[PDB]
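In: Test case, fold it:
(chains A and B)
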Amino acid sequence: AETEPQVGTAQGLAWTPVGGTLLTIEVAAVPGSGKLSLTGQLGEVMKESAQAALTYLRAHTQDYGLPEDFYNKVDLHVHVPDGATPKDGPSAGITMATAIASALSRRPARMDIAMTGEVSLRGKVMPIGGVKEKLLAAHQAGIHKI
Amino acid sequence: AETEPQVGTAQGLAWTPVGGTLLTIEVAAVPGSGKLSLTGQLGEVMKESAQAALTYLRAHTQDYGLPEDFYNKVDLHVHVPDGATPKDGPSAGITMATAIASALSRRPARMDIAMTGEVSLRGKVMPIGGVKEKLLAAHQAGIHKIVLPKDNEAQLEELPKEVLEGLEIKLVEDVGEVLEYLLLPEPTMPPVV
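Out: Residues are numbered from 1 along each chain as shown, chains lettered A, B, ... in the order given. Take a look:
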């Protein structure tokens, strides 16, 4: 784990058949024309979850202090380190929503809380699989808030 | 190895199962509309490394003296010789960042320092694999200064003791230290507008 709250970074949990692991999602909002780069050997379901999170934040732009016109003024890059490790599944929707909101609104997300959950387009958290391995992996690394 | 420092060129390391090899990375920055050509028959992970390094440099333009609007004024082209050999892997991340910053800020990059490391989007240098072969190849080709991530310090005793006394390793953990150590402080060429 890490200690300081970071801007545009969020802690999430991944399931593998040999146990759980941490995955960090980090995003960057640079001035541009409105694009979405998605890197880190991502599968298709995870890219669609990123787009669902971005559409939810575009619909509710007054509630979180986001800029009112980021959809055609800001390029967004979503990187899931590291490369050469393929990553897929819908269970990182909450992590991407937190990371994108932190990068657009310039407020630091805190990194001593691991999270997991699938997001829908109404902003509605949906249940996941592999809870036990994820929580054990979060408890190995010294994170005590889920 | 090369001797004279060049503008937009960096000296990286690679390894095949045969052994270590020197990579050279060349970047050109010409007037344009904002594009990114990536040639030299590169893998997909290596293209994602280049995009991550460029997105890092687009957010810290005033730190390094880059022009403040190159994202829609400059076309970049990254070429990794030679064109026939395929190249893939995440381990050439900070050498691409050094080459791109040298090409945009018009500051020559030192070519007597090899480097290797994986860059992230916050500018962190993540550990790599195959340290022994890369450092042996860099010692055979004549280079005596190495930049290496902080977390690969454990692998350094896989080397013979007479190689470690001839080398001079700088252990970094963020890419700002690499760009401060590699780039010569004065711009030579006129800037790409």
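In: Could you check how far the residue of chain A found nearest chain B is from residue B:66?
Out: At 3.8 Å from chain B, residue A:83 is the closest residue in chain A, using CB to the nearest CB. C-betas here are computed from N, CA, C, even on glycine. Remark: distance between residue A:83 and residue B:66 (CB to CB, to the nearest Å) = 24 Å.
In: okay, those two: which has more neighbours?
Out: More crowded of residue A:83 and residue B:66, by other CB atoms under 10 Å in any protein chain shown: residue A:83, with 26 against 19.
In: Surely that one touches residue B:44?
Out: No: counting by CB atoms under 8 Å, residue A:83 sits too far from residue B:44 to count as a contact (9.1 Å).
In: Identify the contacts common to those two.
Out: Taking CB atoms under 8 Å, 6 or more residues apart in numbering or on different chains as the contact rule, the neighbours common to residue A:83 and residue B:44 are residue A:41.
In: Give me the three-state assignment for the most centrally placed residue in chain A.
Out: Nearest residue to the geometric centre of chain A (CA atoms, centre = their mean): residue A:96, 2.0 Å. Under the three-state scheme (DSSP: H, G, I helix; E, B strand; the rest coil), residue A:96 adopts helix.
In: now the one 4 residues further on
Out: Residue A:100 falls in the helix class when you classify it by three-state DSSP.
In: Can you name the residues of chain A sitting close to chain B?
Out: With CB under 8 Å from any CB of the partner chain as the criterion, chain A meets chain B at residues A:6, A:8-9, A:26-28, A:30-33, A:37, A:39-41, A:75, A:77, A:79, A:81-84.
In: Inside strands: which ones of those?
Out: Here DSSP state E is the test, and the residues of chain A next to chain B give A:9, A:26, A:27, A:28, A:30, A:31, A:37, A:39, A:75, A:77, A:79 as lying in strands.
In: Which residue comes closest to the residue of chain A closest to chain B once chain neighbours are left out?
Out: residue B:90 (3.8 Å; CB to CB, 6 or more residues apart in numbering or on different chains).
In: which residues touch residue A:98?
Out: Counting by CB under 8 Å, 6+ apart, residue A:98 has contacts A:10, A:109, A:115.
In: Looking at chain A, which helix is longest?
Out: helix A:44-59 (DSSP state H).
In: Tell me which other helices or strands that one touches.
Out: strand A:35-39, helix A:93-105 (3 or more CB pairs under 8 Å, 6 or more residues apart in numbering or on different chains; DSSP states H and E).
In: Identify the residues contacting it?
Out: Helix A:44-59 has contacts (CB under 8 Å, 6+ apart) with A:36, A:38, A:64, A:66, A:71, A:76, A:78, A:80, A:87-90, A:92-93, A:96-97, A:100-101, A:104, A:118-123.
In: C-alpha coordinates for it, PDB please?
Out: What follows is helix A:44-59, C-alpha atoms only, in PDB (Å, rounded to 0.1, in the frame of the first residue of the first chain):
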ATOM      1  CA  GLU A  44     -12.900  -5.100 -23.800                       C
ATOM      2  CA  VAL A  45     -15.200  -5.400 -20.800                       C
ATOM      3  CA  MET A  46     -12.800  -3.200 -18.800                       C
ATOM      4  CA  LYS A  47     -12.700  -0.600 -21.500                       C
ATOM      5  CA  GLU A  48     -16.500  -0.600 -21.700                       C
ATOM      6  CA  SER A  49     -16.600  -0.100 -17.900                       C
ATOM      7  CA  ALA A  50     -14.300   2.900 -18.300                       C
ATOM      8  CA  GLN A  51     -16.700   4.400 -20.800                       C
ATOM      9  CA  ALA A  52     -19.700   3.800 -18.600                       C
ATOM     10  CA  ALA A  53     -18.000   5.600 -15.700                       C
ATOM     11  CA  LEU A  54     -17.100   8.500 -17.900                       C
ATOM     12  CA  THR A  55     -20.700   8.800 -19.200                       C
ATOM     13  CA  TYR A  56     -22.000   8.800 -15.600                       C
ATOM     14  CA  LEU A  57     -19.700  11.600 -14.800                       C
ATOM     15  CA  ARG A  58     -20.600  13.600 -17.900                       C
ATOM     16  CA  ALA A  59     -24.300  13.400 -16.900                       C
END
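In: Test my guess that residue A:88 contacts residue A:16.
Out: No: between residue A:88 and residue A:16 there is no contact under CB under 8 Å: 11.6 Å.
In: Determine which residue of chain A is most distant from the centre point.
Out: Distance to centre of chain A, CA atoms, centre = their mean, peaks at residue A:18 (22.9 Å).
In: so what's residue A:146 up against?
Out: A:113, A:114, A:115, A:135, A:138.
In: so of those, which ones are in helices?
Out: A:135, A:138.
In: Taking the contacts of residue A:146, tell me the two that lie furthest apart.
Out: Using CB to CB, the contacts of residue A:146 span at most 13.0 Å, a distance reached by A:113 and A:135.
In: Out of the ones in strands among the residues of chain A next to chain B, which two are the most distant from each other?
Out: Farthest pair in these (CB to CB) is A:9 and A:31. Separation: 19.9 Å.
In: Would you agree residue A:75 is in contact with residue A:34?
Out: Yes: assessed by CB under 8 Å, residue A:75 is found in contact with residue A:34 at 6.8 Å.
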